[PDB]
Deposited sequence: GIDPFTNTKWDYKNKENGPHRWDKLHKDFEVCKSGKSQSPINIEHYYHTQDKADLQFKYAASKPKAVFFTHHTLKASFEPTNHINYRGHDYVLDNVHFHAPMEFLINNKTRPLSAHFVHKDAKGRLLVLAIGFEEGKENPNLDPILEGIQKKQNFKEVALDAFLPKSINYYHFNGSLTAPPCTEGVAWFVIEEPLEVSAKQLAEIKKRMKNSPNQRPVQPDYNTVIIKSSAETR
């Protein structure tokens, strides 16, 4: 069958049934997303640059932009190369039970195959020029307009870091999550646009059981 976000046979409460591959979606004790609500206050380097997408496409219910392996985040002496950035409407992670209309995930992998994913919400407000090459380029196959990855995130960020899982099947654990507290802005026309291309259909996995995930809250400079 084909996993989706509907309230029926293939929906999130039933991903585990569709494939044995997806069983950890139910049996796992560190599944994402969660409500980030209880945490501790208290080594992250960015190597992003304007990058022309390898491809920009709609896949498995998300708007996805893939990249050549030229961008990295270095964490605790290991490089995690950015594979792709994709979008969720609404945001999957809740910070103290507050949702944003959109979020973006920056998905990275190190040499051992370990995953590090960075999440950040969007706020309804002013236009965000960075969204445009992705929105302009679903429409193309070839020389894509560069995504300003080095301008995308806040210069100064406050983040929550915890151990979790992929928020979509096969829901693999061992994902190093960094969730940024600061919203980016997106216009009313851009959001409606982005939400419409993901078929006016919510692609937000519900909050999963939280087994007292150890979450630290900190801050860093992205540039």
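Residues 1 to 7, 50 to 53 of the deposited sequence have no C-alpha coordinates in the structure.
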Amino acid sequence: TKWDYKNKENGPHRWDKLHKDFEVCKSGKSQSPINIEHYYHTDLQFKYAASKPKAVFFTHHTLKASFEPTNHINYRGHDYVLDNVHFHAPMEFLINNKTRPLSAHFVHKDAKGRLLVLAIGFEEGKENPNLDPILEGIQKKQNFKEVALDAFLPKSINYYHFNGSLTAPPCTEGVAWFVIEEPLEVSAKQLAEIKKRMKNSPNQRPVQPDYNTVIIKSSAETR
From here on, numbers count along this sequence of modelled residues.
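The question of which stretch, 189 to 197 or 61 to 69, has the higher mean Cα B factor is settled in favour of 189 to 197. Stretches compared: 174 to 182, 31 to 39. Higher mean C-alpha B-factor in the entry: 31 to 39. Residues shown: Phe87, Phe144, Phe106, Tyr80. Highest C-alpha temperature factor in the entry: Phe144. Listed residues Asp150, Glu123, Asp110, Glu127 were ranked by CA B-factor as deposited; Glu123 comes out on top.
Residue-level temperature factors show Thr222 in the lowest third of its chain, judged at the C-alpha atom. The PDB entry assigns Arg76 a C-alpha temperature factor belonging to the middle third of its chain's modelled residues.
Annotation for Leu118: C-alpha temperature factor in the lowest third relative to the rest of the modelled chain, per the entry.
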